[PDB]
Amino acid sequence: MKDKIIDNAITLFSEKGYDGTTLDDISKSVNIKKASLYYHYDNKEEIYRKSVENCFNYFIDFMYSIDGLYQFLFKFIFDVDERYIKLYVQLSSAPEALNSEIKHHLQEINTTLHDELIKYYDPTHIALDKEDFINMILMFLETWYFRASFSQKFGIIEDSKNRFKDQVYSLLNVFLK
């Protein structure tokens, strides 16, 4: 039941935001009463803390030729669930008591990603210097986190997965030989 609660809370928090999600919403999703969720399992802030922990573990788990770099980006676009991306973007509204623990998780994610990108950086195949390459890729990822947070909700074609992939691949074709 605990796993089912966290799985459904991630869906709900991503759709409505922390402030817009109630214990009644979460409890109804797993067929229990709102007071039973609170007393048998956890208050809302702790369910959110556990959902965010599951989110960071999902992104850590998820994570060196040029073809390999294209595939890393393809998987990020097509294999990463938008509810986890949306939950991640929404961290900027997290309850204040969780600020420090979330900041630590963000710093770890950022370091891990940087270290992976350094493994792909090869100036014999990339016409950017190291920092510009790393920064460009990080901007592609952050752009997708932004677009995916809007994509499903509004279905605007400009925010779609294949349009993003094709814009990114066009730019990579220019800088990666």
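In case it trips you up, residue 1 is the first one in the sequence shown, and so on.
Coordinates are absent for 4 to 9 residues of the deposited sequence placed between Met63 and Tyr64. Mean CA temperature factor is higher for 92 to 100 when stretches 73 to 81 and 92 to 100 are set side by side in the entry. Across the two stretches, 134 to 142 and 108 to 116, the PDB entry reports the greater mean Cα temperature factor for 108 to 116. Residue-level inspection of the entry shows that, of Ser51, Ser149, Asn43, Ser36, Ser149 has the top Cα B-factor. Ranked by C-alpha B-factor against the other modelled residues of its chain, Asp129 falls in the middle third. Ranked against the other modelled residues of its chain, the C-alpha B-factor of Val174 as given in the entry falls in the middle third.
Remark: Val30 belongs to the highest third of its chain, ranked by C-alpha B-factor as recorded. Sorting the modelled residues of the chain by their CA temperature factor places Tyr121 in the lowest third. For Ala9, the recorded CA B-factor ranks within the middle third of the chain. Only modelled residues enter the ranking.
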